[PDB]
Amino acid sequence: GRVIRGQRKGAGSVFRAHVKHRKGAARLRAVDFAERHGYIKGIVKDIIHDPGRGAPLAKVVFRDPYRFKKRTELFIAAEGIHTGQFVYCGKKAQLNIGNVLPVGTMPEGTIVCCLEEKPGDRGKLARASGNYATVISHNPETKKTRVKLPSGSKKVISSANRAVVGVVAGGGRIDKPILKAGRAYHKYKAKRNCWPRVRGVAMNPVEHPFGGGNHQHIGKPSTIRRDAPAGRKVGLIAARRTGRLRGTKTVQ
Amino acid sequence: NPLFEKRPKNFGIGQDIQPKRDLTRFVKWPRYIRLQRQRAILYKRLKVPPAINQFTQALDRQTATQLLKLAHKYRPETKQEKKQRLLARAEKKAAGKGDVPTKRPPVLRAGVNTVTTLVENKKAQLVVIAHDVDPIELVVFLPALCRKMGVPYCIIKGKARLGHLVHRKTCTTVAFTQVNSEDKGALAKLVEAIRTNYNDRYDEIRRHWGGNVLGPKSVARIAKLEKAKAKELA
Amino acid sequence: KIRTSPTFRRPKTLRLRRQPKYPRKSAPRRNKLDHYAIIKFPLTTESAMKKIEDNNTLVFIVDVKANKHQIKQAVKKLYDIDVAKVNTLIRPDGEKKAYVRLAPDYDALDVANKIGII
Amino acid sequence: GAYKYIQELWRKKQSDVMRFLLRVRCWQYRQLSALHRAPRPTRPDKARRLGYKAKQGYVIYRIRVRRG
RNA sequence: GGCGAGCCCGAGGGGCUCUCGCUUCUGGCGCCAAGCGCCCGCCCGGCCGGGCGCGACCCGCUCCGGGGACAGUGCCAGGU
RNA sequence: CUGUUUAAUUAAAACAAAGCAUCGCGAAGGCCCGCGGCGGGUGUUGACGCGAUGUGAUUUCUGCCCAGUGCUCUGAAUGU
RNA sequence: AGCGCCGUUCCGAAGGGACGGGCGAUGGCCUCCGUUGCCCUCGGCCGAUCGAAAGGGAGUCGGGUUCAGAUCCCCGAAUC
Ligand SMILES: [Mg+2]
Ligand SMILES: [Mg+2]
Ligand SMILES: [Mg+2]
Ligand SMILES: [Mg+2]
Ligand SMILES: [Mg+2]
Ligand SMILES: [Mg+2]
Ligand SMILES: [Mg+2]
Ligand SMILES: [Mg+2]
Ligand SMILES: [Mg+2]
Ligand SMILES: [Mg+2]
Ligand SMILES: [Mg+2]
Ligand SMILES: [Mg+2]
Ligand SMILES: [Mg+2]
Ligand SMILES: [Mg+2]
Ligand SMILES: [Mg+2]
């Protein structure tokens, strides 16, 4: 009869993201004439650590092509850039690490990251630390571009959206074991209040469909369909196949 | 003269900043501007019924001005001179002791109701209509009624311009009923050109369908496609 | 007519000054906090008399709505004496007590002898 | 006069000449606020048969409600 | 517009078809115009103080893109 | 293991823990809040991320059963 | 339905102020300046407002004084 923990997550009362010490949203520059009919050069001031994120944030200063003012943007620092390196943003920019340019111009097999789903989405895909997307196809007519995302999915996107070249800095971040609960607590304290993660079979039937019984067992098939109501989707959600995997999943 | 040199500024991609341009095509207009602007584009895109296509097709700048100069002689009598003539009437009546010392002056009739009650009884020699009316339904029925009654009807541009003669802000229609003996010929000379333009072509106007015009950005692309296809066929 | 910026703002229009055809109130109200209503009565306590001769300052129980400038003006208008400074405090009972220091040329003893307190 | 004509024309509001006008006016009113002031009634005959007279003191408001 | 590249015909040249302008060795600066051609009032055909255009091209019916008669919305019906 | 636990009968073998596995989701999305809006949390987020479960330092082991109950996928050949 | 609620930059004509120049009027010893009305040019709020007697926040110290006050009152010495 009581709302479960996974159901209380959507209320946003105490489960809000700790966004106090966040430096800024990681987004690219706005598409304009100086970007679609040439390129502009900017200077990287410094890279900083964003709490709750493994990818560093590089501050880049560009010169406004219309007003006398310097524009500061926060990009995702690709691995292999240093303070003082000139970063070029535009259509006819040279293919180098750090420079952003539309995917319709780069050749096949280009390892890029921080791209956009739609032209103007301003850097939404492949933003985690050490991830990249691989361009595999091109279409001159009916402009489309096939990319392979870090999840292995091959998605077709527009040929006008941009992507910075290179892999995100901070790779291999998951190779280190947390090695104790204190480091996990300090990690999740900057992200959000979701760490304790009490098992469902430990509590009572009032707070979870799995709790109860004199023996700490589930009693019901953990595989639950997609049509289950709120507060009922627990355990595996529409598990098409369970158990230890045998090779590659190869699912589209 | 010794040192008067030129400083050519390069306004390209990244040499110098861009100067101040018109930017009228990209300025963010208010909501009441954006609503009243795209209404014309909608009227041009949608296939308007043949009952609206009667309007937006009016007299040229010559015959309309001629009709206005003709109507300027039979304008409705203003309130100032109305009070003047009503004050003079009671005086000259006691002076001369006459029944009707002033002949009824021929004047045009204003108002859609008056125009309709005149054309239904066949009392109007001519009808002139405005097209800047916002609710078109108050006017769509009039051209068919004049076609059925056989009277000459003509549409003109500007309800305010139609309006100024009647001394009011907005006037929909005006009916000519009585014309002087010396302007009868000038009126009959133009009713013929009005009949051959509107009355005799009523079937073609009713069968004509306007609108259905795409934007230039959508016409240029289809022109490119048809050119590339013609260059492939031959 | 050139639009230097793509942002449309409200045009600076003319605003007429408020010219009332008739006053909403017939006559202005009388200032109740006058010079005689600012101060009420001096204190005759031993602590107040100690400040008379040893400090050349007077003690006055005044209204709570009066500030230092109003107290100074009321004293100058009522007793025709100069004022150095005024220290006001709200008593725990709700009244306001003001220590008003006279100028060195004036003596508090003669002011006290002239106005009641000795 | 003409109000009878306008009434008998508005009665058949499923023809093309009336459907086009209704659709254009619905689109125009969709962009405006939920409540605003129409300076003149869109249906003069319908306002007259309800009690609206063309004189000072009578106001016309246009307001939209959620269907359902 | 050739300070440019052309596949071609061709003696000078032409445009059937086209790429398009000028920021990539460097932790610097870059705005509120130089010039040119005209229009006024003041010093006898001069100085000073101002105005317009080109610089910075023209025309047009959506601010620019991506979907789109679908998605979503209201009502009803059947599953869970 | 350190840590937490029934204020006022329990301090534990219980809970939690790193670690080990599995499931859904490429944003017109996944999991939820909400009487209402293309309203809100995750999200100043983008698969080294988010959301939902099981087991519970390290080492070695992870046996056999899809019949049933659950989950998932397919062809308007095929019944209701 | 509604007391109203969600929403805080979203779908808003959401800058009422100033540097300077020009026209016009007014006042002070109309020599010279201070204002008012109008015109031109320029001017992103990161959206009103509230939110800390431990956060940020310019500037007072020494001696003496009462039955109850002290960086507050007096003397003397400074400062914003
Ligand atoms: Mg647990
Ligand atoms: Mg239990
Ligand atoms: Mg239950
Ligand atoms: Mg059992
Ligand atoms: Mg009115
Ligand atoms: Mg569009
Ligand atoms: Mg606890
Ligand atoms: Mg105990
Ligand atoms: Mg969401
Ligand atoms: Mg273990
Ligand atoms: Mg087993
Ligand atoms: Mg099976
Ligand atoms: Mg405050
Ligand atoms: Mg002291
Ligand atoms: Mg004490």
# chains A, B, ... in the order shown; residues from 1 in each chain; ligands from 1
>>> residues_near_ligand(ligand="ligand 6", cutoff="8 Å", atoms="only C-alpha atoms (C1' of nucleotides) and all ligand atoms", output="number ranges by chain")
E: 62, 64-65
>>> write_last_selection(atoms="N, CA, C and O atoms (P, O5', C5', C4', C3', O3' and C1' of nucleotides)", output="PDB file, in the first residue's frame")
ATOM      1  P     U E  62       8.918  35.447 -46.394  1.00  0.00           P
ATOM      2  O5'   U E  62       8.581  34.616 -45.079  1.00  0.00           O
ATOM      3  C5'   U E  62       7.540  35.032 -44.203  1.00  0.00           C
ATOM      4  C4'   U E  62       7.286  34.024 -43.108  1.00  0.00           C
ATOM      5  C3'   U E  62       8.518  33.605 -42.306  1.00  0.00           C
ATOM      6  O3'   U E  62       8.150  33.390 -40.945  1.00  0.00           O
ATOM      7  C1'   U E  62       7.537  31.700 -43.306  1.00  0.00           C
ATOM      8  P     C E  64      13.322  31.870 -42.595  1.00  0.00           P
ATOM      9  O5'   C E  64      14.540  31.030 -42.007  1.00  0.00           O
ATOM     10  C5'   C E  64      15.882  31.449 -42.206  1.00  0.00           C
ATOM     11  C4'   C E  64      16.851  30.540 -41.494  1.00  0.00           C
ATOM     12  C3'   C E  64      16.710  29.059 -41.801  1.00  0.00           C
ATOM     13  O3'   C E  64      17.342  28.687 -43.012  1.00  0.00           O
ATOM     14  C1'   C E  64      16.864  29.364 -39.464  1.00  0.00           C
ATOM     15  P     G E  65      16.900  27.343 -43.769  1.00  0.00           P
ATOM     16  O5'   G E  65      17.620  26.190 -42.941  1.00  0.00           O
ATOM     17  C5'   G E  65      17.142  24.855 -42.986  1.00  0.00           C
ATOM     18  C4'   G E  65      17.576  24.077 -41.770  1.00  0.00           C
ATOM     19  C3'   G E  65      16.920  22.718 -41.589  1.00  0.00           C
ATOM     20  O3'   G E  65      17.522  21.708 -42.378  1.00  0.00           O
ATOM     21  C1'   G E  65      16.828  23.900 -39.553  1.00  0.00           C
TER      22        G E  65
END
>>> closest_atom_pairs(of="chain F", to="ligand 8", cutoff="9 Å", atoms="only C-alpha atoms (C1' of nucleotides) and all ligand atoms", output="CSV")
residue,atom,partner,partner_atom_place_in_ligand_line,distance
F:9,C1',ligand 8,1 (Mg),8.2
F:10,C1',ligand 8,1 (Mg),5.8
F:11,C1',ligand 8,1 (Mg),6.4
>>> interface_residues(of="chain F", to="chain A", cutoff="12 Å", atoms="only C-alpha atoms (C1' of nucleotides)", output="PDB file with C-alpha atoms (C1' of nucleotides), in the first residue's frame")
ATOM      1  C1'   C F   1      36.144  -5.918   7.662  1.00  0.00           C
ATOM      2  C1'   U F   2      35.031  -0.013   9.002  1.00  0.00           C
ATOM      3  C1'   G F   3      29.759   1.587   9.112  1.00  0.00           C
ATOM      4  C1'   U F   4      23.891   1.448  10.199  1.00  0.00           C
ATOM      5  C1'   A F  14      20.057  -8.576  10.643  1.00  0.00           C
ATOM      6  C1'   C F  15      20.815  -4.005   7.130  1.00  0.00           C
ATOM      7  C1'   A F  16      24.430  -1.666   4.342  1.00  0.00           C
ATOM      8  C1'   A F  17      29.289  -2.304   1.758  1.00  0.00           C
ATOM      9  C1'   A F  18      33.250  -2.731  -2.600  1.00  0.00           C
ATOM     10  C1'   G F  19      33.204  -6.765  -5.748  1.00  0.00           C
ATOM     11  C1'   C F  20      30.400 -10.377  -9.191  1.00  0.00           C
ATOM     12  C1'   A F  21      26.076 -10.860 -12.794  1.00  0.00           C
ATOM     13  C1'   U F  22      21.491  -9.797 -15.414  1.00  0.00           C
ATOM     14  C1'   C F  23      17.587  -6.429 -17.664  1.00  0.00           C
ATOM     15  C1'   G F  24      15.473  -1.599 -20.505  1.00  0.00           C
ATOM     16  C1'   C F  25      16.775   2.777 -23.037  1.00  0.00           C
ATOM     17  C1'   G F  26      20.176   6.595 -28.959  1.00  0.00           C
ATOM     18  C1'   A F  27      15.803  11.610 -26.372  1.00  0.00           C
ATOM     19  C1'   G F  30      14.047   4.151 -20.473  1.00  0.00           C
ATOM     20  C1'   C F  31      12.247   4.405 -15.193  1.00  0.00           C
ATOM     21  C1'   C F  32       8.764   7.637 -12.279  1.00  0.00           C
ATOM     22  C1'   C F  33       5.634  12.297 -10.241  1.00  0.00           C
ATOM     23  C1'   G F  34       1.128  14.674 -11.715  1.00  0.00           C
ATOM     24  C1'   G F  40       7.759  18.067 -14.114  1.00  0.00           C
ATOM     25  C1'   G F  41      12.565  14.435 -11.507  1.00  0.00           C
ATOM     26  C1'   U F  42      16.718  11.730 -13.380  1.00  0.00           C
ATOM     27  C1'   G F  43      18.863  16.113 -16.744  1.00  0.00           C
ATOM     28  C1'   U F  44      23.990  22.048 -15.990  1.00  0.00           C
ATOM     29  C1'   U F  45      22.337  14.196 -17.981  1.00  0.00           C
ATOM     30  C1'   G F  46      23.942  10.813 -23.483  1.00  0.00           C
ATOM     31  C1'   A F  47      25.791   3.787 -23.014  1.00  0.00           C
ATOM     32  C1'   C F  48      32.973   4.339 -18.988  1.00  0.00           C
ATOM     33  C1'   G F  49      25.336   7.332 -18.536  1.00  0.00           C
ATOM     34  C1'   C F  50      20.660   6.771 -16.361  1.00  0.00           C
ATOM     35  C1'   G F  51      16.795   3.549 -14.443  1.00  0.00           C
ATOM     36  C1'   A F  52      15.252  -1.599 -12.186  1.00  0.00           C
ATOM     37  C1'   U F  53      16.863  -6.440  -9.635  1.00  0.00           C
ATOM     38  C1'   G F  54      19.851 -10.872  -7.431  1.00  0.00           C
ATOM     39  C1'   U F  55      24.279 -12.468  -4.775  1.00  0.00           C
ATOM     40  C1'   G F  56      27.501 -10.403  -1.320  1.00  0.00           C
ATOM     41  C1'   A F  57      35.964  -9.783   0.833  1.00  0.00           C
ATOM     42  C1'   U F  62      28.518 -21.320 -11.478  1.00  0.00           C
ATOM     43  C1'   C F  66      12.106 -24.212 -20.982  1.00  0.00           C
ATOM     44  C1'   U F  69       4.101 -20.781 -14.304  1.00  0.00           C
ATOM     45  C1'   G F  70       6.531 -15.724 -16.110  1.00  0.00           C
ATOM     46  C1'   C F  71       9.602 -12.705 -20.110  1.00  0.00           C
ATOM     47  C1'   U F  72      10.623 -12.086 -25.215  1.00  0.00           C
ATOM     48  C1'   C F  73      10.490 -12.720 -31.090  1.00  0.00           C
TER      49        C F  73
END
>>> interface_residues(of="chain B", to="chain E", cutoff="10 Å", atoms="only C-alpha atoms (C1' of nucleotides)", output="PyMOL selection string")
chain B and resi 4-21+25-29+34+37-38+40-42+44-45+213-217
>>> write_last_selection(atoms="C-alpha atoms", output="mmCIF file, in the first residue's frame")
data_model
loop_
_atom_site.group_PDB
_atom_site.id
_atom_site.type_symbol
_atom_site.label_atom_id
_atom_site.label_comp_id
_atom_site.auth_asym_id
_atom_site.auth_seq_id
_atom_site.Cartn_x
_atom_site.Cartn_y
_atom_site.Cartn_z
ATOM 1 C CA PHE B 4 45.608 60.778 -46.164
ATOM 2 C CA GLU B 5 45.644 56.983 -46.451
ATOM 3 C CA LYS B 6 42.802 54.475 -46.706
ATOM 4 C CA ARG B 7 42.024 51.698 -44.214
ATOM 5 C CA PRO B 8 40.233 48.947 -46.189
ATOM 6 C CA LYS B 9 38.483 46.743 -43.639
ATOM 7 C CA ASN B 10 37.930 43.092 -44.550
ATOM 8 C CA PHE B 11 34.380 42.077 -43.587
ATOM 9 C CA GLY B 12 34.822 38.394 -44.430
ATOM 10 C CA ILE B 13 34.682 35.410 -42.090
ATOM 11 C CA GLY B 14 37.237 36.178 -39.394
ATOM 12 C CA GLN B 15 39.097 39.320 -40.442
ATOM 13 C CA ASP B 16 36.890 42.022 -38.896
ATOM 14 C CA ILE B 17 33.450 42.154 -37.319
ATOM 15 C CA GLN B 18 30.363 42.545 -39.466
ATOM 16 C CA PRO B 19 28.925 46.058 -39.902
ATOM 17 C CA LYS B 20 25.336 47.046 -39.166
ATOM 18 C CA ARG B 21 22.981 45.742 -41.862
ATOM 19 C CA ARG B 25 14.252 39.976 -42.698
ATOM 20 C CA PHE B 26 15.473 38.368 -39.448
ATOM 21 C CA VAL B 27 14.188 40.728 -36.735
ATOM 22 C CA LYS B 28 11.906 39.031 -34.201
ATOM 23 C CA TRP B 29 8.575 40.721 -34.822
ATOM 24 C CA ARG B 34 3.564 37.625 -36.818
ATOM 25 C CA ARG B 37 1.672 38.840 -41.511
ATOM 26 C CA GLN B 38 1.376 35.100 -42.190
ATOM 27 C CA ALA B 40 -1.715 36.702 -46.253
ATOM 28 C CA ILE B 41 0.658 33.787 -46.866
ATOM 29 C CA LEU B 42 -2.053 31.424 -45.627
ATOM 30 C CA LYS B 44 -2.199 32.615 -50.833
ATOM 31 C CA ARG B 45 -1.347 28.987 -50.000
ATOM 32 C CA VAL B 213 0.374 29.353 -54.853
ATOM 33 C CA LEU B 214 3.454 27.930 -53.156
ATOM 34 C CA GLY B 215 6.271 30.001 -51.705
ATOM 35 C CA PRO B 216 9.301 31.038 -53.752
ATOM 36 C CA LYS B 217 11.578 28.848 -51.624
#
>>> closest_residue(among="C:81, C:111, C:89, C:66", to="chain G", atoms="only C-alpha atoms (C1' of nucleotides)")
C:89
>>> select_by_dssp(residues="region 20-138 of chain B", states="helix (DSSP H, G or I)", output="ChimeraX atom specification")
/B:31-45,63-71,79-96,112-120,137-138
>>> interface_residues(of="chain D", to="chain G", cutoff="12 Å", atoms="only C-alpha atoms (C1' of nucleotides)", output="list in words")
residues 30, 31, 32 and 33 of chain D
>>> closest_atom_pairs(of="chain G", to="ligand 13", cutoff="10 Å", atoms="only C-alpha atoms (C1' of nucleotides) and all ligand atoms", output="Markdown table")
| residue | atom | partner | partner_atom_place_in_ligand_line | distance |
| --- | --- | --- | --- | --- |
| G:49 | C1' | ligand 13 | 1 (Mg) | 9.9 |
| G:50 | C1' | ligand 13 | 1 (Mg) | 6.8 |
| G:51 | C1' | ligand 13 | 1 (Mg) | 6.4 |
| G:52 | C1' | ligand 13 | 1 (Mg) | 9.0 |
>>> write_last_selection(atoms="C-alpha atoms (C1' of nucleotides)", output="PDB file, in the first residue's frame")
ATOM      1  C1'   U G  49      10.611  40.563  -5.215  1.00  0.00           C
ATOM      2  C1'   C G  50      11.986  37.716  -0.655  1.00  0.00           C
ATOM      3  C1'   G G  51      15.690  34.520   1.389  1.00  0.00           C
ATOM      4  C1'   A G  52      21.743  34.376   6.782  1.00  0.00           C
TER       5        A G  52
END
>>> interface_residues(of="chain E", to="chain D", cutoff="10 Å", atoms="only C-alpha atoms (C1' of nucleotides)", output="number ranges by chain")
E: 73-75
>>> write_last_selection(atoms="C-alpha atoms (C1' of nucleotides)", output="PDB file, in the first residue's frame")
ATOM      1  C1'   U E  73      -5.260  15.894 -28.772  1.00  0.00           C
ATOM      2  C1'   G E  74     -10.907  14.854 -27.461  1.00  0.00           C
ATOM      3  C1'   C E  75     -14.588  10.953 -27.654  1.00  0.00           C
TER       4        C E  75
END
>>> residues_near_ligand(ligand="ligand 3", cutoff="6 Å", atoms="only C-alpha atoms (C1' of nucleotides) and all ligand atoms", output="number ranges by chain")
A: 205-206, 208-209
